[PDB]
Structures are given as C-alpha cells and as structure tokens.
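Two versions of one and the same chain are coming, encoded as structure tokens; call them structure 1 and structure 2.
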Structure 1
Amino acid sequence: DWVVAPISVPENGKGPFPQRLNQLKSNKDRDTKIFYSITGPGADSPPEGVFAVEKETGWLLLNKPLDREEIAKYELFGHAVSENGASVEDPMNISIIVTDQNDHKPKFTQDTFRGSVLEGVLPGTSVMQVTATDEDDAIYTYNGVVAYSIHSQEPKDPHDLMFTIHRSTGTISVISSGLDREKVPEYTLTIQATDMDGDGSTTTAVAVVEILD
C-alpha cells in the first residue's frame, strides 16, 4: 500500500507551534466527510499531546520542540472515520524520526581520574586513560565525537609539558625524561574533552598522576 513516509524532524525546533508535518488523506473523502485522529506514545499515551492531527483537514502537527536524547523515534497510527462513525481505513503507521542537534557538551566519567607511573620509564610510556562521553550523534556527524587535550600541568617541574594525551583515546603518556618522585611526587593535569572532534564545546576535569619509586 502507499503510505506516509517516515517524517524527519530536528530536535529543538523554534516553531512556531503547532507545526505542520504532513497531511493525512483518505480518498474516500470523495464520498463522505472524514474525521482524522492519531494514536500512540506521543499522541494519546505518554508523553501525551506531543503530536496532534487536525480533525477535518488531516494535518499532522507537532505541538512543541522535540528532544532526540529523550525520544528519538515515535511510532503513531493515523485513523480515518466517517461522519456516521465507521472506520473507513485500516490505521496507518506513522513514524517520526527525531534528528540530532549538538546540544550536549562532553561529560567526563569521573571528575578526578587517578593513575601512577614509575619514575624513569621511557618517553612514550602510557600512564592511564581518561574518558568523556557525549550524548549527541557521533555516527552521521561529529556532534558526539570527543577530542582530548591537556590544558595545563602543575607543578611546571622539571619541564612544563611532561605528559601528552592521545586526542581520540584519552590515553595519557609520558613524553619527557626527568620524572623523579623525591622532587615531584604527583602531578595534576587539567584535561579537556571537546566535541565536533575538537571544534565544539569543551568540558574540563582533572587527572592526578602519582610518580612511583
């Protein structure tokens, strides 16, 4: 059968609302006045009233802004009933696909990550790994693709930039010589995660690196 195609709607629309999405129609409206209605989650069950349909015109409406991270797909049914009260079509599946906007900053899995490394390891040695997640799409876009960096290191002793971070994996490594527990037994690294693979919003956290004997 011919049916309404899935309707794609970006999250966070500015309106105005109610917003026309697509117009339902039964061709039995030639012979009879038709009253349209819709059912399903988002229409007549939780969350109720996100979508509506204009009874006589068959216009499907979105009544407010959508949030992909709450519900990314709605599955509704359109109905068509004659003025005398008989259903004149089998209910039609209607799908609404909510598409992404970059509206989440990255979120570190901890506020303070802790790791350790032996003084005197080779430059290039992995120390630890930090992680930030991002609720946004990372399949079709970079909205949810996190890039990692180190913002600063304290103390600046002996050299200011003792560590680096793999920009995609969040693994922190030693890139210099000169680790010495007796001189500096612990470093605090301000670490950052930025979405749009580096071009977007940035969140900050801390990694503390204990220098072992």
Structure 2
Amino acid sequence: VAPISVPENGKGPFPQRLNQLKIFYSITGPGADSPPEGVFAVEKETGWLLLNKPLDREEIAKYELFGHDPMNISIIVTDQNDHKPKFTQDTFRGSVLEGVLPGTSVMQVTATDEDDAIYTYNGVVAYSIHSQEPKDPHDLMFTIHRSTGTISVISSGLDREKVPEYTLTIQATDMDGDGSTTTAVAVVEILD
C-alpha cells in the first residue's frame, strides 16, 4: 500500500473515503485505536479506509497504521498555507563603519513561518526592502538577500556627519514572494 497523501484542512464532507483495501477488515495503530484515537476508520465489509476529520499537518505530519499478511499504511499529510510570516522582532538593528565597501553585510533579519518549507513554499519566506529613509545621499542604498534576510549596503556615500542612521521598512513574504507579507523595521547605524 503506497503512502497516501492528504491535504490538511479538507472540506470533505466527513467521514471521507481514502483507499479501498483488497474477509472482514479492521485497522490499528496511532491514529485509529491508539491516541489520537478514531481519526481513521475502515468500513468492515467493503474495506474502504476512511478519514473522519480534517487534519492539521502542524499537529501531526504523518501516520503509520496497519491493516488486517500485515499491510503497512502510510498517511502523509501535505501542507496548506495556513500560517502567516512574522518577523522575530519589531525592530532590528545593525551597524557599519562609514568606510565599508559596497557588499558589506550590515545585519541579518529573520521572519518565521510555521508552514512547510521543505516540500512547499508555504513556509518559505522572501525578504524585500519596502522603503528607506532618509534617501541621502540617495535612495536604495541597501539590499536584502531574498532568502537569507542579510541586509547589505551597496552605496559609497556613507557620511555620518550628514546621515548617522538609516531606517529601513522591510518585508517578509511567504510562498517565496507570492503570498502574505509582514513588515518590520531595520535601523542601520553609521559608526563613529
């Protein structure tokens, strides 16, 4: 019995048929007779294996049950994008000497997403800079690496006398840029 993929948060309705087993039929393991109990069941005469409730991947990502030659049953729970990204802090801070060459790493911001970042992009965060103030000696003096969140400086006019500090409104966007966006602030200090 090849593993069974079941998207979390399904509509159904329930109870809901998964795969028929090919002589009375009964199923066992963590999910059926062991806790969490009664999540999966089986029509004893027809053998249709059943799901009784919508699943929550974050709670339980898979199951290993047994049909009754003991048939192995693997239930893999595929992800849905039911968690929004959140920066770990409201304000991030970092600094550089004014003489740093373009490319210099200022800081690394981070946003968390409880969804799956292995097989899907639902937990994959895309970073971007919303805006910069002040815009002196010009705008877009900093980049943020899309996946690492490393803020770098790419300008050459860093002058503490003129501008001792830059505030960056930054963004974190799940589904690797296509999904929900959250916002935080990164304050760059030009060191004396």
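For clarity, a rigid core is taken as the largest C-alpha set superposing within 1.5 Å between two forms. Counting starts at 1 with the first residue of structure 1 and goes up one by one along its sequence. Shifts are known only where both forms have a C-alpha.
Trainee: Which of the following, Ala147, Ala43, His104, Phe163, is found at a hinge in the chain, given the rigid-part motion between structure 1 and structure 2?
Mentor: The hinge residue here is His104.
Trainee: What angle, to the whole degree, separates the smaller rigid part's two positions between structure 1 and structure 2 once the larger part is lined up on its C-alpha atoms?
Mentor: Spelled out, the smaller domain pivots 21 degrees relative to the larger domain.
Trainee: Cα of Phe108: shift between structure 1 and structure 2 in Å, core-fitted?
Mentor: For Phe108, the alpha-carbon shift amounts to 0.5 Å.
Trainee: Core superposed, what is the CA shift for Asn12 between structure 1 and structure 2, in angstrom?
Mentor: That residue's C-alpha sits 3.3 Å away in the other form.
Trainee: Determine, in Å, the CA shift of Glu54 between structure 1 and structure 2 after the rigid core is used for superposition.
Mentor: The shift comes out to 10.4 Å.
Trainee: Core-aligned, C-alpha shift of at least 2 Å, runs of at least 3 residues: can you list them between structure 1 and structure 2?
Mentor: CA shift runs, sequence order: 4-25, 34-79, 90-100.
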